[PDB]
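First comes the structure, then the notes that go with it.
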Amino acid sequence: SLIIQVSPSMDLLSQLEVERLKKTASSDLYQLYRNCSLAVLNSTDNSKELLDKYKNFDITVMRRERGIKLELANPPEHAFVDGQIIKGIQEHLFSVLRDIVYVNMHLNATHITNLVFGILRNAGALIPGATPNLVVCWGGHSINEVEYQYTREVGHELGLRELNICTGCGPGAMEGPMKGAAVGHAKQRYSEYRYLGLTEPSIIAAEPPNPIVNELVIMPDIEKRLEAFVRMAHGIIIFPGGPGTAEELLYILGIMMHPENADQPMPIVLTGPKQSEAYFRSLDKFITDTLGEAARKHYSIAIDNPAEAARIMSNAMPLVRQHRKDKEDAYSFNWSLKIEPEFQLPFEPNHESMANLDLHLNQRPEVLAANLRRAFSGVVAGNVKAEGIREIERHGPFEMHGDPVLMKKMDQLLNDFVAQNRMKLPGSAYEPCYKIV
Amino acid sequence: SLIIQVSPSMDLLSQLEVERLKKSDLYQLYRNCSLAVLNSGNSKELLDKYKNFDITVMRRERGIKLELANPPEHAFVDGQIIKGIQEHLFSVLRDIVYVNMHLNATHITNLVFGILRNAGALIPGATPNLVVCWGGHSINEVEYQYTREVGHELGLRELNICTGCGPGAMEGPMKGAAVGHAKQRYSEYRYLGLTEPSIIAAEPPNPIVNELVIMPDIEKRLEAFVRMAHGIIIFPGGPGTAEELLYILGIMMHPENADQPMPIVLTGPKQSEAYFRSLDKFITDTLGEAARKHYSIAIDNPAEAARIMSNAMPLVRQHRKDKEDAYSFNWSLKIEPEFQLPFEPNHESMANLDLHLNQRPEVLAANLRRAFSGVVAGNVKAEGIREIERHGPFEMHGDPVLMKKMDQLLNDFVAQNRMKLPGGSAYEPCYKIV
Amino acid sequence: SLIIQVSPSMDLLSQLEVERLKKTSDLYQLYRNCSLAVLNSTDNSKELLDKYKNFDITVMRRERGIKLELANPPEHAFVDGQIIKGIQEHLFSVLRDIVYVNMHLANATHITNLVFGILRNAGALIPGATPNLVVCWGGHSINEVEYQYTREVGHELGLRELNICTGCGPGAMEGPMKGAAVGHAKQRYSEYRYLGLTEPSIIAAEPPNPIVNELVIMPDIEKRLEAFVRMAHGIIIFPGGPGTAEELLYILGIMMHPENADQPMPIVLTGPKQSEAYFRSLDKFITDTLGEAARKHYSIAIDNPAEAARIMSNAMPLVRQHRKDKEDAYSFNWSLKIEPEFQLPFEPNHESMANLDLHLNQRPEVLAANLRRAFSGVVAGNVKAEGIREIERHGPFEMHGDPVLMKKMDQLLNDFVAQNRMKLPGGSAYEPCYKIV
Amino acid sequence: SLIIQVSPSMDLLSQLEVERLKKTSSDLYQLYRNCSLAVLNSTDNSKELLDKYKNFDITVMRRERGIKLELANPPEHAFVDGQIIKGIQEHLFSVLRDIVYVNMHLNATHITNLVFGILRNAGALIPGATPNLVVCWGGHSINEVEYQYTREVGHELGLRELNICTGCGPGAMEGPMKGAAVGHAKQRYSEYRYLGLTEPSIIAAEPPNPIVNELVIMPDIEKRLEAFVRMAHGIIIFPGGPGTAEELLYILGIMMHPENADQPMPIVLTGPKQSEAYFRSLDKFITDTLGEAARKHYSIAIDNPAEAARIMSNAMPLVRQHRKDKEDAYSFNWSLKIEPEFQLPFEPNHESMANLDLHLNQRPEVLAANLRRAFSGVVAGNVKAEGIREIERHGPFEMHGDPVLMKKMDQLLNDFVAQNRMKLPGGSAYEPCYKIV
């Protein structure tokens with residue numbers, strides 16, 4: 001077979017740290033690490049049937065004289081420019097290894113936040129000396145040219161303002177802002193730029209990191225990745241997207257409506273091009289019809305104005321600075337943010353647990369947000385997660401019930417995603433993994 | 001007034017160096033060059049727009065401070081001058097000072113060398129990786145997207161970019177390369193922009209240019225290009241790009257340059273095939289079939305253009321050592337004084353151009369170069385535009401076979417919108433072919 | 001109190017890592033004492049502490065990480081009212097290492113991996129660095145001729161682009177580094193590393209000079225010993241007292257093990273002309289007790305600084321290739337065999353010093369291991385607070401064994417007393433913490 | 001010949017810049033060769049140092065990465081284990097850089113502007129840097145106690161983040177930089193600057209130590225002197241011979257200009273305890289010749305290295321405010337008034353020494369400027385090759401004047417002789433190059 005060697009950015013490892021990543025009987029670790037490493041070599045589509053395409057891929061970790069070398073059997077050939085692996089992709093492979101190893105060397109509420117902290121610290125993601133300048137960007141993996149161009153323009157304007165970018169991984173509004181920021185930073189001579197990509201193992205093949213990401217972090221699960229986003233964020237920019245972006249929006253809004261979070265200054269701007277006005281009218285209406293009028297104080301909307309969204313982020317930075325100091329908190333990690341256990345407790349989407357969601361309009365707005373967060377994660381899981389497609393493939397779409405006022409508003413929004421092509425990367429038509437009862 | 005202080009890269013200057021820049025001809029050139037870099041975003045009626053602008057060089061405790069009176073407001077993001085634009089201001093000041101503190105063939109080349117070395121543009125220990133990118137300032141979106149794609153592909157191969165200044169193909173590649181370099185983790189990227197005082201207002205440097213150099217004239221800029229180049233990529237363009245093409249092919253056809261390995265790739269999107277078929281034909285119709293060994297054409301393949309440059313870099317390395325030459329400056333390349341002698345285009349000197357097909361191909365190249373620079377001057381240079389206001393178009397004559405071909409090519413530039421950036425009135429020719 | 005604030009290399013810390021270091025806490029007292037030792041960079045007792053009873057240190061987790069509030073710090077840590085920047089760095093190194101050890105008390109394999117873990121966490125193990133680390137060993141209490149000699153050897157190491165790993169304190173612990181500061185400056189070696197390894201029970205007796213740019217605090221004497229020999233690419237030993245003899249018997253015992261026969265690392269004993277009779281007596285000590293087979297592991301180089309350094313320098317490619325052959329790291333010698341008689345933590349007290357097997361019918365490695373322990377007791381009785389307390393209320397440590405081994409040891413200990421190697425010379429004469437039966 | 005190649009910090013050069021230092025332009029090569037030889041020779045203080053290395057030559061080669069130098073039979077003490085000390089390598093390119101600049105750029109304003117231009121080309125004038133440069137003057141030939149003192153002051157300057165500008169050579173020219181290497185390392189001052197200024201006629205007598213990281217070759221003595229005082233933010237003067245007296249008389253003659261009365265730069269004369277009588281005598285010589293008015297411009301500090309360094313350090317904010325007040329550079333003191341008598345190059349032969357006006361009925365600034373030239377001639381007659389050649393065939397330089405002055409100068413020179421300051425002790429005994437009438 002074809003064998004490539006990869007040389008190292010990264011620490012020495014012990015035999016203890018590394019023996020767990022041998023192909024072995026009655027452990028799942030190697031295949032987790034292999035799949036994550038495979039995904040990184042594949043920056044095509046959004047299904048996890050790419051594991052069927054590269055079934056003869058394998059990876060070996062070697063402890064040698066200058067640290068770790070990796071040997072790749074049959075890697076995807078589009079990792080390669082002129083027979084050599086793009087240096088960014090090389091670095092992602094070591095980020096994979098670093099984070100898988102950390103987490104497995106380190107197997108309630110304080111415990112979870114502390115683990116999220118530890119992972120991020122081990123990754124080098126929390127820079128002690130840094131002034132607040134980190135903007136989390138959220139938006140669709142499946143987006144048209146006009147929306148993509150708009151994300152690039154916003155990225156550009158953040159770049160000019162010496163701001164850094166944290167996103168998820170994948171195509172669309174996950175790579176657009178970094179590409180624009182590449183230009184904006186170079187205009188502004190900002191050499192210390194950071195493009196942070198946060199992923200987890202069940203999502204990573206579906207949405208592989210761009211090699212422009214210069215700090216990849218693999219979180220253990222979706223909820224810990226979401227906690228990482230909101231604890232590192234200094235501002236939040238939200239683009240148009242499908243159910244993944246909705247999940248992320250409802251996560252932060254459930255958090256922000258807590259009374260303890262009322263002096264948390266973190267700006268959220270929903271932003272899009274002129275043609276996303278109808279998307280944003282519909283989305284704003286959904287939020288206020290479900291979570292109440294109270295939610296609207298936590299965000300603002302900017303249509304057709306990249307510089308404004310980025311100006312808002314930029315202007316808010318001294319606010320974030322002052323507030324961290326008032327709380328005796330760190331700049332780089334928001335300890336003082338109150339996240340309730342209903343946002344922290346891992347949700348494994350199957351038919352049973354999708355049914356058992358209390359999606360009724362007589363809850364606390366926070367707990368309802370926590371529930372719809374879970375709802376939208378199940379939609380994601382049924383679409384893109386290899387385990388989650390299997391449960392649809394044997395037992396049909398996930399069954400979902402509640403207040404019919406909410407249920408019909410949810411179904412309209414979900415169908416909007418289908419109609420605007422937000423569910424899937426386009427190339428046959430989408431069939432729901434969901435069923436609203 | 002609106003008064004901005006800019007602090008500094010920039011060396012200390014003496015009183016002797018500074019005194020000459022006090023607000024006769026030297027202040028104006030310096031002011032106008034500095035106005036140009038503040039106005040990033042193709043005529044020189046941009047002087048009228050900011051008539052109340054002034055600049056003061058102050059010698060202070062840590063070096064040079066600059067005071068701007070009424071600078072253009074699009075240099076500013078949120079009340080602060082873009083840092084790249086600040087660096088351009090000091091690059092302007094560096095180069096005006098150097099040229100004025102110093103000022104045949106060996107004299108001219110050593111001046112060109114000295115300017116570049118003073119600018120820090122000649123990095124002694126660097127391996128060959130510099131691609132010169134030529135192309136139109138006035139190009140469509142498909143052509144523009146193509147330039148940024150090639151730039152991307154050059155970034156991924158760890159190659160650097162030298163270009164002229166301005167919009168269009170002058171900014172595209174750099175912007176693609178920003179992404180490509182970032183993916184490739186290439187932190188030591190170099191985006192060289194070369195300009196001269198007579199064109200800088202019409203074609204201002206993008207703030208993404210991180211090495212701006214100002215040459216004293218067009219001919220010394222063209223020499224700077226070809227002595228620094230390790231390869232050349234040429235996109236579709238107008239008369240300025242044609243000038244540069246004919247400059248290089250003229251040079252490359254000299255027998256003493258037969259061992260010069262420098263690759264030249266003419267490249268463009270699918271839709272540019274007719275452009276290149278027509279341009280390639282013009283080239284072999286004028287210079288001969290002997291011209292074709294000095295370039296190739298790569299249509300609709302950005303990776304191929306960049307692979308050709310990348311593959312050539314060890315060959316450039318070996319050739320420079322074979323000649324006992326520098327990596328960063330090609331001293332060994334032969335430039336005859338017909339390519340070096342500064343051409344001042346006016347009504348008189350345009351009509352006195354010798355443009356006949358009964359000529360040595362290198363002399364015809366050097367003469368066609370002057371013709372196309374003439375067109376450029378009448379379109380973009382303030383003194384050129386003023387001369388067409390006063391006297392009408394530059395007249396050109398010669399072999400009527402050559403005259404028909406030139407006219408067709410010029411007419412192609414007009415019809416493909418290559419003469420003039422959109423949004424004014426229609427282009428009217430600054431040339432008339434007799 | 002005189003509050004001096006020390007501003008923040010040093011990572012963000014959680015509250016959980018930090019809370020045990022409040023004044024109530026045996027951990028705080030340890031942290032305080034290490035921090036004060038570091039602030040007190042001209043005697044070798046730990047009634048050093050009793051000069052500074054009103055000293056305390058508060059850790060504050062703030063916006064850019066840890067700040068330190070010092071209450072009444074030693075005033076020779078200051079130059080014109082500002083704390084020396086090297087001492088500031090040492091304060092954070094202390095914090096880092098005490099935190100790391102305390103967060104990791106969860107068995108030969110456990111010892112080595114902890115030592116690996118501490119060093120890697122400290123930044124002491126550089127991936128990608130080729131072998132250039134010389135461990136320098138010698139007495140803390142030496143004369144000017146001996147001192148200038150270590151400084152000359154230091155200069156010769158520096159010219160050859162070699163780095164220095166040593167213990168902390170005065171005398172031969174600072175000499176080499178001061179010499180190498182000149183040597184490295186001539187050679188333009190800006191990436192110089194001067195490593196100082198210590199542990200909490202000895203740090204107050206032998207405080208790190210500010211010139212040490214990589215201070216590491218190991219949890220005990222034995223783990224410092226392992227760190228020395230796992231990191232060393234060469235070893236230079238100057239004349240010294242019981243501490244230097246302990247270290248010498250540590251390494252000779254390791255290197256005589258038959259599994260360690262291929263290990264290429266040089267050991268050079270070296271001193272000025274006047275130290276010939278010191279080495280004549282110590283070479284005789286070693287060969288009478290351990291064997292003629294001990295002698296093949298070290299050489300002796302009197303009065304040639306450039307030759308000691310040259311032996312180190314010429315050994316580097318040999319050490320380089322050997323590590324490659326073993327698929328071993330350059331920076332950490334995993335393959336070296338350290339048997340558990342060199343790892344087992346020895347708490348010197350009256351009972352344990354009595355139980356030592358010093359009989360000349362042993363395996364020569366195990367005799368080396370017991371002589372190691374014997375010499376650590378002498379050190380502990382002299383300069384360590386808890387060993388001083390044992391000596392105060394029970395009298396001197398009592399050792400027995402083969403009567404002409406014991407007469408050779410009594411002679412060698414008496415040489416140390418005569419040469420003022422036991423203790424930096426105070427008003428009263430040295431009284432032995434040891435009696436040989 | 002043994003050919004050693006030196007690879008290229010330093011620019012590309014043209015054929016035109018290089019052609020002139022081909023061996024045949026004929027004068028220029030021999031000057032360039034001698035400067036490069038001196039640099040490789042970092043033993044004694046004659047200029048029969050060129051007679052030992054008659055087969056040495058140097059060839060400049062324009063190559064692919066800039067300049068390569070081919071050394072034919074270089075001195076072996078430029079080498080450590082068969083490789084040239086990188087400090088010395090950098091020194092060869094400094095020589096080349098400066099020889100080229102001066103000879104490509106061939107009254108009062110033009111001399112200052114060339115001094116400036118040389119310094120700026122060398123990289124010696126740093127934009128953005130605040131005042132921290134201490135000029136150190138002192139003997140080339142000094143005992144161990146005076147040497148150790150200079151190292152201690154150097155250390156104390158180092159601890160205060162001050163940089164050092166000095167002459168080249170042994171003695172008080174190397175002492176401070178070696179102490180500072182340690183003091184800068186304690187304070188983590190990695191951006192340390194050790195400037196050594198020299199000129200072609202003195203370089204072989206007094207070669208740079210490889211510890212000097214910024215070597216500048218000036219075209220003559222007077223231009224070196226101007227470079228010192230224009231860059232200085234403070235001045236320390238140790239005991240020394242005629243060359244240090246020369247520099248003392250330079251600075252004191254400058255500082256007694258009424259236009260210089262506001263210049264805040266401190267001058268501290270400093271020495272070990274045993275040099276008290278030396279300073280007693282020199283203080284008397286200065287106040288007798290120049291007046292009580294000379295004494296307000298310096299102080300004497302005996303046996304306190306820290307106080308000498310403290311005076312320098314505390315004066316920096318005063319120097320800073322003053323350069324702001326005169327709208328002058330931090331790095332280069334344009335505003336300092338230097339009269340042409342201090343600028344005008346003196347060439348010591350027998351006629352110019354005899355034509356010196358040396359009469360105690362003078363303007364103190366005129367008398368200082370003349371005594372400057374007198375001492376320069378003693379230095380030239382001692383160490384300069386063309387100076388020694390004048391006395392080898394016409395006998396000692398003759399000086400005459402006010403017989404009170406002439407006996408004071410006689411006594412001071414005889415003190416230099418008695419204290420071994422004229423010549424490094426261990427050749428033949430010193431025979432005076434001067435006769436006082």
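FYI, nothing fancy with the structure tokens labels: chains A, B, ... in order, residues from 1 per chain, ligands from 1 as they appear.
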Distance query residue 302 in chain C at most 9 Å, only C-alpha atoms, self and fewer than 6 positions along chain excluded, as a PyMOL selection string: chain C and resi 269-276+279+308
Could you save those same residues with C-alpha atoms as a compact mmCIF listing (two decimals), in the first residue's frame?
```txt
# COMPACT_ATOMS: atom_id res chain seq x y z
CA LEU C 269 35.93 14.34 36.98
CA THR C 270 37.83 17.63 36.78
CA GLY C 271 39.39 20.35 38.96
CA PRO C 272 42.29 22.82 39.33
CA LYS C 273 45.89 21.63 39.94
CA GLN C 274 45.45 21.99 43.73
CA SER C 275 42.62 19.43 43.64
CA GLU C 276 44.84 16.53 42.47
CA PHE C 279 40.83 13.23 43.25
CA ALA C 308 36.63 18.49 29.98
```
Taking a cut-off of 10 Å and counting only C-alpha atoms, can you build a table that, for each residue of chain C near chain D, reports the nearest atom pair and how far apart they are in Å (one decimal), sorted by chain then residue number, as JSON lines?
```
{"residue": "C:79", "atom": "CA", "partner": "D:159", "partner_atom": "CA", "distance": 7.2}
{"residue": "C:80", "atom": "CA", "partner": "D:310", "partner_atom": "CA", "distance": 7.9}
{"residue": "C:82", "atom": "CA", "partner": "D:160", "partner_atom": "CA", "distance": 9.8}
{"residue": "C:83", "atom": "CA", "partner": "D:187", "partner_atom": "CA", "distance": 9.3}
{"residue": "C:84", "atom": "CA", "partner": "D:187", "partner_atom": "CA", "distance": 5.8}
{"residue": "C:85", "atom": "CA", "partner": "D:187", "partner_atom": "CA", "distance": 4.8}
{"residue": "C:86", "atom": "CA", "partner": "D:186", "partner_atom": "CA", "distance": 5.2}
{"residue": "C:87", "atom": "CA", "partner": "D:186", "partner_atom": "CA", "distance": 8.1}
{"residue": "C:88", "atom": "CA", "partner": "D:187", "partner_atom": "CA", "distance": 9.5}
{"residue": "C:89", "atom": "CA", "partner": "D:188", "partner_atom": "CA", "distance": 9.5}
{"residue": "C:156", "atom": "CA", "partner": "D:80", "partner_atom": "CA", "distance": 9.2}
{"residue": "C:159", "atom": "CA", "partner": "D:80", "partner_atom": "CA", "distance": 7.3}
{"residue": "C:160", "atom": "CA", "partner": "D:80", "partner_atom": "CA", "distance": 7.6}
{"residue": "C:177", "atom": "CA", "partner": "D:182", "partner_atom": "CA", "distance": 8.7}
{"residue": "C:178", "atom": "CA", "partner": "D:182", "partner_atom": "CA", "distance": 6.0}
{"residue": "C:179", "atom": "CA", "partner": "D:182", "partner_atom": "CA", "distance": 8.6}
{"residue": "C:180", "atom": "CA", "partner": "D:182", "partner_atom": "CA", "distance": 9.1}
{"residue": "C:181", "atom": "CA", "partner": "D:181", "partner_atom": "CA", "distance": 5.8}
{"residue": "C:182", "atom": "CA", "partner": "D:178", "partner_atom": "CA", "distance": 5.9}
{"residue": "C:183", "atom": "CA", "partner": "D:211", "partner_atom": "CA", "distance": 8.2}
{"residue": "C:184", "atom": "CA", "partner": "D:211", "partner_atom": "CA", "distance": 8.8}
{"residue": "C:185", "atom": "CA", "partner": "D:211", "partner_atom": "CA", "distance": 5.7}
{"residue": "C:186", "atom": "CA", "partner": "D:211", "partner_atom": "CA", "distance": 4.3}
{"residue": "C:187", "atom": "CA", "partner": "D:86", "partner_atom": "CA", "distance": 5.0}
{"residue": "C:188", "atom": "CA", "partner": "D:87", "partner_atom": "CA", "distance": 6.3}
{"residue": "C:189", "atom": "CA", "partner": "D:86", "partner_atom": "CA", "distance": 9.0}
{"residue": "C:190", "atom": "CA", "partner": "D:190", "partner_atom": "CA", "distance": 7.6}
{"residue": "C:191", "atom": "CA", "partner": "D:190", "partner_atom": "CA", "distance": 9.9}
{"residue": "C:209", "atom": "CA", "partner": "D:186", "partner_atom": "CA", "distance": 8.0}
{"residue": "C:210", "atom": "CA", "partner": "D:186", "partner_atom": "CA", "distance": 4.9}
{"residue": "C:211", "atom": "CA", "partner": "D:186", "partner_atom": "CA", "distance": 4.3}
{"residue": "C:212", "atom": "CA", "partner": "D:186", "partner_atom": "CA", "distance": 7.6}
{"residue": "C:213", "atom": "CA", "partner": "D:186", "partner_atom": "CA", "distance": 8.2}
{"residue": "C:306", "atom": "CA", "partner": "D:80", "partner_atom": "CA", "distance": 9.5}
{"residue": "C:310", "atom": "CA", "partner": "D:81", "partner_atom": "CA", "distance": 8.0}
{"residue": "C:313", "atom": "CA", "partner": "D:81", "partner_atom": "CA", "distance": 9.3}
{"residue": "C:314", "atom": "CA", "partner": "D:81", "partner_atom": "CA", "distance": 9.8}
```
Keeping only N, CA, C and O atoms, take the residues you just selected and write them out as a compact mmCIF listing (two decimals), in the first residue's frame.
```txt
# COMPACT_ATOMS: atom_id res chain seq x y z
N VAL C 79 16.75 45.06 42.96
CA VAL C 79 17.75 46.01 42.47
C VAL C 79 17.10 47.37 42.28
O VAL C 79 16.20 47.53 41.44
N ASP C 80 17.55 48.35 43.07
CA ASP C 80 16.96 49.69 43.14
C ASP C 80 15.44 49.62 43.26
O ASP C 80 14.73 50.25 42.48
N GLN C 82 13.24 47.14 42.63
CA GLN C 82 12.49 46.27 41.72
C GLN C 82 13.03 44.85 41.84
O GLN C 82 14.24 44.65 41.77
N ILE C 83 12.14 43.86 41.97
CA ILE C 83 12.57 42.46 42.04
C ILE C 83 13.24 42.05 40.75
O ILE C 83 12.71 42.29 39.65
N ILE C 84 14.43 41.46 40.89
CA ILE C 84 15.22 40.91 39.78
C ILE C 84 14.32 39.98 38.96
O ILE C 84 13.60 39.15 39.53
N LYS C 85 14.32 40.16 37.64
CA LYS C 85 13.37 39.48 36.75
C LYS C 85 13.54 37.97 36.71
O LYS C 85 12.56 37.26 36.50
N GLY C 86 14.77 37.49 36.91
CA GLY C 86 15.05 36.06 37.06
C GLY C 86 14.38 35.43 38.27
O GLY C 86 13.86 34.32 38.17
N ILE C 87 14.37 36.16 39.39
CA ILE C 87 13.72 35.74 40.62
C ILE C 87 12.19 35.69 40.46
O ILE C 87 11.54 34.76 40.94
N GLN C 88 11.64 36.71 39.78
CA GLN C 88 10.23 36.74 39.38
C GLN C 88 9.80 35.49 38.63
O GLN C 88 8.79 34.88 38.98
N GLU C 89 10.59 35.10 37.62
CA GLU C 89 10.35 33.87 36.85
C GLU C 89 10.40 32.62 37.72
O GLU C 89 9.58 31.71 37.57
N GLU C 156 34.21 27.34 28.54
CA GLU C 156 34.52 26.32 27.54
C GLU C 156 33.29 25.52 27.08
O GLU C 156 33.18 25.18 25.91
N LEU C 159 31.25 28.21 24.71
CA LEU C 159 31.90 28.25 23.38
C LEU C 159 31.58 27.08 22.46
O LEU C 159 31.72 27.19 21.23
N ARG C 160 31.18 25.96 23.05
CA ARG C 160 30.92 24.75 22.28
C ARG C 160 29.43 24.52 22.08
O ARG C 160 29.01 23.46 21.63
N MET C 177 27.62 28.36 35.08
CA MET C 177 26.63 29.19 34.38
C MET C 177 27.10 30.60 34.10
O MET C 177 26.78 31.16 33.04
N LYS C 178 27.86 31.18 35.03
CA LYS C 178 28.44 32.51 34.86
C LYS C 178 29.55 32.54 33.82
O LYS C 178 29.70 33.51 33.07
N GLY C 179 30.35 31.48 33.80
CA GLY C 179 31.33 31.28 32.75
C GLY C 179 30.69 31.13 31.38
O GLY C 179 31.13 31.74 30.41
N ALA C 180 29.64 30.31 31.32
CA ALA C 180 28.93 30.03 30.07
C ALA C 180 28.16 31.23 29.54
O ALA C 180 27.92 31.30 28.35
N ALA C 181 27.79 32.17 30.40
CA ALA C 181 27.14 33.41 29.97
C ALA C 181 28.03 34.24 29.05
O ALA C 181 27.56 34.84 28.09
N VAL C 182 29.33 34.25 29.35
CA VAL C 182 30.36 34.85 28.50
C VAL C 182 30.60 34.00 27.25
O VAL C 182 30.50 34.50 26.13
N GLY C 183 30.89 32.71 27.46
CA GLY C 183 31.07 31.74 26.38
C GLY C 183 29.95 31.72 25.36
O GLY C 183 30.21 31.77 24.16
N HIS C 184 28.71 31.67 25.83
CA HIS C 184 27.55 31.71 24.95
C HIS C 184 27.39 33.04 24.22
O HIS C 184 26.93 33.06 23.09
N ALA C 185 27.78 34.15 24.87
CA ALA C 185 27.69 35.48 24.25
C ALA C 185 28.66 35.68 23.08
O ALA C 185 28.28 36.22 22.03
N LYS C 186 29.91 35.24 23.26
CA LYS C 186 30.91 35.11 22.18
C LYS C 186 30.43 34.24 21.02
O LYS C 186 30.71 34.53 19.86
N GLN C 187 29.70 33.18 21.33
CA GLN C 187 29.29 32.21 20.32
C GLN C 187 27.94 32.62 19.71
O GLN C 187 27.45 31.96 18.80
N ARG C 188 27.37 33.72 20.21
CA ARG C 188 26.03 34.23 19.87
C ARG C 188 24.90 33.21 20.12
O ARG C 188 23.92 33.15 19.38
N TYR C 189 25.07 32.40 21.15
CA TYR C 189 24.14 31.32 21.44
C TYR C 189 23.02 31.87 22.31
O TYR C 189 23.03 31.72 23.54
N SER C 190 22.05 32.54 21.68
CA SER C 190 20.98 33.23 22.44
C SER C 190 19.96 32.26 23.05
O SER C 190 19.22 32.62 23.97
N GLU C 191 19.95 31.03 22.54
CA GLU C 191 19.02 29.99 22.96
C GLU C 191 19.57 29.14 24.11
O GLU C 191 19.14 28.01 24.32
N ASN C 209 20.35 30.79 42.02
CA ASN C 209 20.79 32.08 41.45
C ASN C 209 19.77 32.53 40.39
O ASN C 209 19.20 31.66 39.73
N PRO C 210 19.53 33.85 40.25
CA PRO C 210 18.63 34.37 39.21
C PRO C 210 19.03 34.02 37.77
O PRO C 210 18.18 34.03 36.89
N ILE C 211 20.31 33.72 37.55
CA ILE C 211 20.83 33.35 36.22
C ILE C 211 20.24 32.04 35.65
O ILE C 211 20.21 31.86 34.43
N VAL C 212 19.79 31.14 36.52
CA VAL C 212 19.07 29.93 36.12
C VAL C 212 17.80 30.35 35.37
O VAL C 212 16.93 31.01 35.94
N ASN C 213 17.70 29.99 34.10
CA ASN C 213 16.54 30.38 33.33
C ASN C 213 15.45 29.31 33.21
O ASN C 213 14.36 29.58 32.70
N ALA C 306 39.31 23.25 28.93
CA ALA C 306 38.98 23.01 27.52
C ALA C 306 38.88 21.55 27.13
O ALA C 306 38.22 21.23 26.15
N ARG C 310 35.75 19.59 25.83
CA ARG C 310 36.02 18.90 24.57
C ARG C 310 35.54 17.46 24.58
O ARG C 310 35.08 16.97 23.56
N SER C 313 31.70 17.73 24.15
CA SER C 313 31.49 18.08 22.76
C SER C 313 31.70 16.93 21.76
O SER C 313 30.87 16.73 20.87
N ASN C 314 32.78 16.17 21.92
CA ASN C 314 33.06 15.02 21.04
C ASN C 314 32.13 13.83 21.27
O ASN C 314 32.01 12.95 20.42
```
What parts of range 21-247 of chain B does DSSP call alpha helix (DSSP H)? I'd like the answer as a PyMOL selection string. chain B and resi 25-38+83-100+105-118+141-155+172-183+218-228+239-247
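Within 8 Å of chain B, chain D contributes the residues residues 10, 11, 12, 14, 62, 63, 64, 65, 66, 113, 120, 125, 126, 127, 128, 129, 130, 323, 324, 327, 328, 329, 330 and 331 of chain D, using only C-alpha atoms.
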Interatomic distance between CA of residue 382 in chain D and CA of residue 410 in chain D?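 CA of residue 410 in chain D lies at a distance of 16.1 Å from CA of residue 382 in chain D.
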If you run DSSP over the backbone, which residues in range 165-308 of chain A end up strand (DSSP E or B)? Put them as an MDAnalysis selection string. chainID A and resid 165:167 195:199 215:218 235:238 268:272 300:303
Tell me which protein, DNA and RNA residues are within 12 Å of range 392-395 of chain D, counting only C-alpha atoms, leaving out same-chain ones fewer than 2 positions away, and put them as a count of residues only. 18
Any idea what's packed within 12 Å of residue 31 in chain D, counting only C-alpha atoms, ignoring anything in its chain fewer than 2 positions away? Could you give it as number ranges by chain? D: 20-23, 25-29, 33-38, 50, 57-58, 95-96, 98-100, 103, 199-204, 217, 219
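You will find CA of residue 160 in chain B at 5.7 Å from CA of residue 129 in chain B.
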